Amino acid sequence: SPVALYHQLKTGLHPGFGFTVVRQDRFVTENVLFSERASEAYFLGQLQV
Amino acid sequence: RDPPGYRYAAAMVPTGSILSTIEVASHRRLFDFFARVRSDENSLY
Amino acid sequence: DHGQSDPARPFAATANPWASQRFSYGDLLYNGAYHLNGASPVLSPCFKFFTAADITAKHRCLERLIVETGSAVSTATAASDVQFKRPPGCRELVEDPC
Amino acid sequence: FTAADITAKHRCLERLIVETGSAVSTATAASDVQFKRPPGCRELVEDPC
Amino acid sequence: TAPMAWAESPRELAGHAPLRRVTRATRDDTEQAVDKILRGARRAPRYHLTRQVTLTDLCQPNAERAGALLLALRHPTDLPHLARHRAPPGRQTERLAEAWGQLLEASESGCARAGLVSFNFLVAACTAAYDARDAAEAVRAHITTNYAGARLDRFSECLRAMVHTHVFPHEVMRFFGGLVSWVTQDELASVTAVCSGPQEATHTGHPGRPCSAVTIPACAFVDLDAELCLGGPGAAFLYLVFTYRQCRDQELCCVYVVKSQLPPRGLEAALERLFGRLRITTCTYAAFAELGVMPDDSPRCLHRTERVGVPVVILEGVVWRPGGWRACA
Amino acid sequence: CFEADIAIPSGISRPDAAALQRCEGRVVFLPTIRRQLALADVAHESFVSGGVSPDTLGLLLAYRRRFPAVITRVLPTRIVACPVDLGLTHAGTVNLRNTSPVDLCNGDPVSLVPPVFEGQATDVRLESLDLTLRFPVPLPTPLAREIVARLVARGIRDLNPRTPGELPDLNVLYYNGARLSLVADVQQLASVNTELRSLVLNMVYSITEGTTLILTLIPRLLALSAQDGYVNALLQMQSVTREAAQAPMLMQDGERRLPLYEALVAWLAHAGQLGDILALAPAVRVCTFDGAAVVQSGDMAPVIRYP
Amino acid sequence: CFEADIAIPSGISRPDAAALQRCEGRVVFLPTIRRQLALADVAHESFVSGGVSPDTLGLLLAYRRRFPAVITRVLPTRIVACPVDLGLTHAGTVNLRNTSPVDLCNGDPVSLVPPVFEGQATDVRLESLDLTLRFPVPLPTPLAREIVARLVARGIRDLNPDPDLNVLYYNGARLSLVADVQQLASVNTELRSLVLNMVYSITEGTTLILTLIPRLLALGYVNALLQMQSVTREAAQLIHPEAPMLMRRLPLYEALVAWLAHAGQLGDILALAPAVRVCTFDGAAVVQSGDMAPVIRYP
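The deposited coordinates, according to the entry record, derive from cryo-EM at 3.1 Å resolution.

The next point concerns the overall build of chain B. Helices and strands together make up the secondary structure of chain B, namely zero helices and zero strands. When its C-alpha atoms are laid out on the principal axes, chain B stretches across 30 × 25 × 20 Å.

Moving on, we come to the interface of chain A and chain C. Tallying the contact residues gives five residues for chain A and twelve residues for chain C. Taken together, the residues of the side of chain A that touches chain C break down into two nonpolar, one polar and two charged.

Residues and elements named next belong to chain G. Here we have five strands laid out as an open sheet, ordered β2-β4-β5-β1-β3, and mixed in their pairing. At either end of the open sheet lies a strand with only one pairing partner, and these are β2 (27-30) and β3 (36-38). Averaged over all pairs of adjacent strands, the angle between their axes in this sheet comes to 40 degrees, without regard to strand direction. As paired elements, strand β1 (residues 4-7) and strand β5 (residues 78-83) share three bridges and run antiparallel to each other. Looking across to β5, one finds that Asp-5 is bridged to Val-80.

Covalently, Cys-195 of chain E is tied to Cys-279 of chain G through a disulfide, its sulfur atoms 2.0 Å apart. Across the S-S bond linking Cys-195 of chain E and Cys-279 of chain G, the dihedral sits near 110 degrees, which makes this disulfide right-handed. Taken together, the positions of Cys-195 of chain E in the loop between β5 (188-193) and β6 (197-198) and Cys-279 of chain G in the loop between α9 (249-269) and β11 (292-293) put the pair across two chains. Linked covalently through their sulfurs, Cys-1 of chain G and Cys-82 of chain G form a disulfide whose S-S length is 2.2 Å. Linking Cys-1 of chain G and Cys-82 of chain G, the disulfide has an S-S dihedral of approximately -105 degrees and is accordingly described as left-handed. Taken as a pair, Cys-1 of chain G in the segment before β1 and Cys-82 of chain G in strand β5 lie far apart in primary sequence, 81 residues in all. Left without a disulfide partner, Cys-49 of chain D is nearest to the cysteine sulfur of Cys-12 of chain D, which lies 19 Å away. The thiol of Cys-23 of chain G is unpaired, and the distance to the nearest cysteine sulfur, on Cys-82 of chain G, comes to 18 Å.

It is worth spelling out the sheet that holds strand β1 (residues 4-6) of chain F at this point. Residues and elements named next belong to chain F. A sheet is described by the order of its strands in space; here four strands give the open sequence β1-β4-β3-β2, paired in antiparallel fashion. Of all the strands in the sheet, just β1 and β2 (27-30) have a single pairing partner and so form its edges. Adjacent strand axes in the sheet meet at a mean angle of 45 degrees, parallel and antiparallel pairs treated alike. One ladder, built from four bridges, connects β2 with strand β3 (residues 67-74); its direction is antiparallel. Along β3, the bridge assignment pairs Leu-30 with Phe-67.

Moving on, we get to the pattern of salt bridges. Between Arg-23 of chain A and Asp-25 of chain A there is a salt bridge; the shortest N-O distance is 3.3 Å. Linking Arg-26 of chain A and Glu-92 of chain C is a salt bridge whose minimum nitrogen-to-oxygen distance equals 2.3 Å. Taken together, the positions of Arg-26 of chain A in the segment after α1 (2-11) and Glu-92 of chain C in the segment after α3 (62-70) put the pair across two chains.

Glancing now at the interface of chain G and chain F. The interface of chain G with chain F comprises 67 residues on the first partner and 67 residues on the second. At the level of secondary structure, the elements contributing two or more residues to the side of chain G that touches chain F comprise α4 (141-159), α6 (192-212), α8 (234-242) and α9 of chain G. At 17 residues, α6 of chain G tops the list of elements feeding residues into the side of chain G that touches chain F. Residues of the side of chain G that touches chain F, tallied by class, amount to 36 nonpolar, 16 polar and 15 charged.

What follows is about the packing of aromatic side chains. Between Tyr-239 of chain E and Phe-288 of chain E the ring centres are 5.4 Å apart and the planes differ by 65 degrees, which places this aromatic pair in the edge-to-face class. Cluster of aromatic residues (ring-pair linked, three or more members): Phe-17 and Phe-19 of chain A together with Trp-18 of chain C. We note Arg-285 of chain F situated over the ring of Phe-67 of chain G; from NZ or CZ to the ring centre the distance is 6.0 Å. Against the face of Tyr-261 of chain F rests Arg-150 of chain G, its NZ or CZ located 4.2 Å from the ring centre.

The rules we used
- Residues numbered from 1 in each chain as written, not as in the entry; some residues may be left out.
- Chains lettered and ligands numbered in written order.
- Part of a larger assembly, values for the part shown.
- Heavy atoms only, no water.
- Residues with missing side-chain atoms left out of burial classes, pairs and counts.
- Helix = DSSP H or I, 4+ residues; strand = E, 2+ residues; numbered from the N terminus.
- Contact = heavy atoms within 4.5 Å.
- Nonpolar A, V, L, I, M, F, W, Y, C, P; charged D, E, K, R; others polar.
- Pairing = 2+ DSSP bridges.
- Axes fitted to C-alpha atoms, helices over the stretch in contact; angles between N-to-C directions.
- Disulfide = S-S within 2.5 Å.
- Salt bridge = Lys/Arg side-chain N within 4 Å of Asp/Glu carboxyl O.
- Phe/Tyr/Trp six-rings, centres within 6.5 Å; stacked < 30°, edge-to-face > 60°.
- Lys NZ or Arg CZ within 6 Å of the ring centre and 35° of its normal.

So this is what it looks like as structure tokens:
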């Protein structure tokens, strides 16, 4: 029962099965970007306000 | 759901003259694309 | 289809039978079609793994699939104190091989 | 009687002359009897008493 | 010359004056960039823009166009608390809980709330409800193929559940604006739209960016109840009315627009008439709001092409001037 | 400012044109929102329903319909009045000429009234072209709602004459000092019906289930009639409530509705808004920038949008 | 905008000058729109009428009679407040300060009297010059009306007492009404006079129609149409109130006059007509409590 598993897990009994922990970790990395001579077009317009 | 519409660029230079003067709304059922703007409208520009 | 074997490990069907199976406990807990969670803001790491609807919806052509990995949209945000589930407005563009 | 009004005054010989212009009453000159000043009414009698 | 001194505007200014009286290319742009600011500055309140971010679940800017009614959908989270009270006890107030949930189920809090119901999306949701069909369902075909029939059905179940329990579609869904420009990303949208002021004067162009035109097209030959069956030339007015069915049809939702020259103190009277739906006998139906003036009677147009062939009524010129909700009876 | 021009028809007179010169600041009711209009659409000859001139409860119903416009300026061939119901959007405050024995104060919402005072007069005649102009009397909504109540009840006393032929006044008011004597002249079936019809109708909708919970409190009110100086004043000497005392009933439907709250809302809508439905509600309120805090009778009251 | 510049009095303490600095974005009611006004004219000591500080009803009267102006810039030796009533509608966006519930992207804030919530909280006293400022609370019209009716509803039960009105979740938030303690005793004592005018105007309204309907339709289309749609509603309420109550055309008509006036005077006080709207842009779209919010002059 989920009430039983409370009394067990808190008190440090192993209730016959075990888990697999999953967690999603995020990193700030440093990148290198190669590019060829013309990889794009990139047309330019006319400003306004 | 509508025809490609009217060319305002063409007709800036017309190729001819309509010699009559009538009210074209009465003949509305004769045309493929009919627009009536009263004293100007936005789409023209 | 656990009548078959596991592509990653062909000699066995499931490692955890309580998860890898449809309507299995793990499936019920983490799959998104059921969404017990959804009321709560906190991210579920496992929501990525259990969700055939999401796993299936993709395409198969690796040509693309590698370029859309470089710029995936993360399911999380880095802007909260506890890692939340990525909200509706705004993109991340993480990398995310998993 | 009240003294909230009398209390609400100042006793400043420094100030005593400038609120003199302010008047310790609330009527207007266009009524029939002197009334209580309506809210629209604003005032600057010299109100000695 | 005489036609432009007035068009390019000096004479009024002169009267005012008399009273007082008695990298090269980038450089060119900077000079010009400056000129534009000065002229805009020298020149110079007929416009107001409200801007908001929402999801595309309900609503959806792209399906819609240049002239469209967007209605706000206040208190999504709230409503269940409201349902318990203000509803006579034998109303099964648990209906909404599921219905809003149901509407939501069909499709959390996150960081983009789903606000902004479009006018369109109401016409389809109540299409089968109000008593007309397939001119109304043509709008429903529009939304299923552009904006899901589930959400329409879920949202219709919510409208039924709301009109059921004395929490109305009004006291929710106030007017938001005219939809200037959406700017959407993925499931997100940033919708600019006019708080008030005239519509035709906004991004303008043929269309404000390249699709087509601008208009406040009622979207229904089913909506655009055009009053003034008997009328005299006058500025027409635009209101927003919700008509309801209280067991006559099982909580009917009718949503449409009325266009006639009557100042709201006269609309309540003409709304009393024209409805045989008054035989609710608890009390209440038909709320209305004025969308705004159309200070010219004539632009109401008869057309049917949009997005599918839809009955679309075009309204030429509008000055949204929104106002509040009044339904006491 | 979407001003509506009004073309003096022609005709006119040296003496009649001098009469229109002093009509600036007065109010006009136009039966449309227009740009081009005729002088005769504004005249009292237009107020005439089929064959008959409306009475003074009929005008209120006519001023209910159409739009009040305050004349701003009068030119040789046009009259400029900007329709307050719409074109009230001015940065500063169009001038209203106080025509009334009354005096505005500052902040007083101003609702209009057909001319109704014994010394009131206010009808204007123009002989060159047959037409006239009755200008409504501006008045604070507290006073204008007291008047309408007087006209309504007076027309209702008359529907059924029983008791002897000497009735109460109801024709006389007081604003500050200054007894104000209303004009008692005619009451028309249809004009009194609608005024009675909507009065009766709305006072019914203001009664709900939770209302009975309040009627329990009448004996409690009169307990306060007598031991507080306020609450003593509240109960007018001629108070039916006083004569109404000269209760829960169980019947609670599951106990979670909150009928008190719901009873207030219901009463507040229908019965609370009766000045407005019986008469035309204020659309303007006196505001004076110069800091003059009243408006003498006959002066120009700077006026700003709705209270 | 038409700014009106309120003149700070003579030397004020440094902690008082910092009290005013924090009052930018607060609503002031200014008695006249004169460009030059004093501070004492604005201060709450200027709301005294009958020799007393006004109750919640006496306040709501004044809020309907003077001009609210939001404070734009507070300067030492001035206060610059721009009246809400003046200028064109939908213009002069001036920032407010939110107090309590959120103020979403619209909804037309009403400025309701302070006592409805923590009473003295917001008194903002200035001791140096011996005056005080009670700033109204900017609540949306649907919620402002729900509250003000919610409290007079609670007020009457209290009048004679032997389902909690006081929870009132607004949108996502459940706004607590009761501050418990004796605040209710302070809240209820100020609504005391508003409750009575409400109780009176009801009891005086019913008994006046319940006497009039049976003392009318018995003297045409009046009769038929009246009893027609009133079936089991007006007439039923007539028998039931006449059951637990007592029962004169001449006093009737003269009391119908005096009630009809007093009634609409309460509808004016009440209904808290919105002063402004919120129309945001490049803004959060929900203004969190205590945060300046854009706002425009007409609903």
